[PDB]
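Starting off, we have a lone chain in the form solved without the ligand, written out as structure tokens.
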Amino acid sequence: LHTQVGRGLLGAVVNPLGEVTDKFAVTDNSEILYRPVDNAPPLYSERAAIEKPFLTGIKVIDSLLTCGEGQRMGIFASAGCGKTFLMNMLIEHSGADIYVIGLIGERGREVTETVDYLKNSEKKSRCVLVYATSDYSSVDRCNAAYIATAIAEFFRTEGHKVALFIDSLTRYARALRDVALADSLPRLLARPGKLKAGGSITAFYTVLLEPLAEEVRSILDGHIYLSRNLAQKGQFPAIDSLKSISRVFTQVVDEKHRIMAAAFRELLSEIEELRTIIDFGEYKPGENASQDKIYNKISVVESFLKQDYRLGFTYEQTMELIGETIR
């Protein structure tokens, strides 16, 4: 009902009982205070309209799926689509003040791989990890999500630009389902956002694809869809931009970004249709100049979409690259 918060948790690994079990970084600050895990969402007069972009350093996201400070974004993927690796990129290449990660995964070796990565991350001095394995009860697995959110809420009230990761909402829902065996979301997800008098919580929720996805799709402000077929093609991140959206996009980017994003999306749609024309054996070079020009652009847009996970791109570099692609 109450949990540990404060800057003293930076570099610490927190369990479903709120206690420190490990450290991946040690920090000057030892500030540790105490807050209830279930806090009411900001009253609509305290929320600010989402108008500033949360840049991720990832070309596909910052150009076509531009997030906003305070947005909650869904990451939809089936197992083995690199949802954890995409979350690693989001941490490395964004510019948040503090990162709070909530893993409701279940196997034991799960969490330590994340602790291992945070141990070697350049953001380690400003990350907090909350976990809950299968050996914990369903109430504890839930409470891991409330604790991660409460920690992020304290940092937001201090004025920090907070990024929150909940992986996963499915595993969370399974544990939440068993409490019913004896509706925390929307209430769970109404807590992120940007405060008029404070900082922000930009949230990313992972949803395992095999009802639950239909329910949360209408609640969030957008979703990133990781499709297995672009991953087996070798394209990473496996983000299908045409099947993903950030609905605050128009509110967080200017008009030159908007026209370039529209033009790039028309190019993407024309490429996949040309691809199915190729697979059908109906494409002949020199037969249709329009098809041939789109064909000669397939390589340069694949060049833009793919990204090494250790590389980050500034907003200027992303807009410069996309402009030279749609020329």
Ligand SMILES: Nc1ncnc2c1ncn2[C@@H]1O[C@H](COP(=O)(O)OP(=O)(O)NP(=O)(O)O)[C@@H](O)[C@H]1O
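Sequential numbering from 1, following the sequence displayed.
Quick note: we don't show the form solved in complex with the ligand, though the next part is all about it.
For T318, no non-hydrogen atom is located within 4.5 Å of the ligand in the deposited bound form, even though that partner is not displayed.
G80 belongs to the set of residues with a heavy atom inside 4.5 Å of the ligand in the deposited bound form. At a distance threshold of 4.5 angstroms between non-hydrogen atoms, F236 is in contact with the ligand in the deposited bound form. Within 4.5 Å of any heavy atom of the ligand in the deposited bound form lies no heavy atom of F304. Checking 134-142, 84-92, 242-250, 172-180 against the ligand in the deposited bound form, the stretch whose residues place heavy atoms within 4.5 Å of it is 84-92. For the options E158, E110, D97, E215, the one in contact with the ligand in the deposited bound form, meaning a heavy atom within 4.5 Å, is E110.
Taking the ligand as it sits in the deposited bound form, the stretch 19-50 never comes within 4.5 angstroms of it through any non-hydrogen atom.
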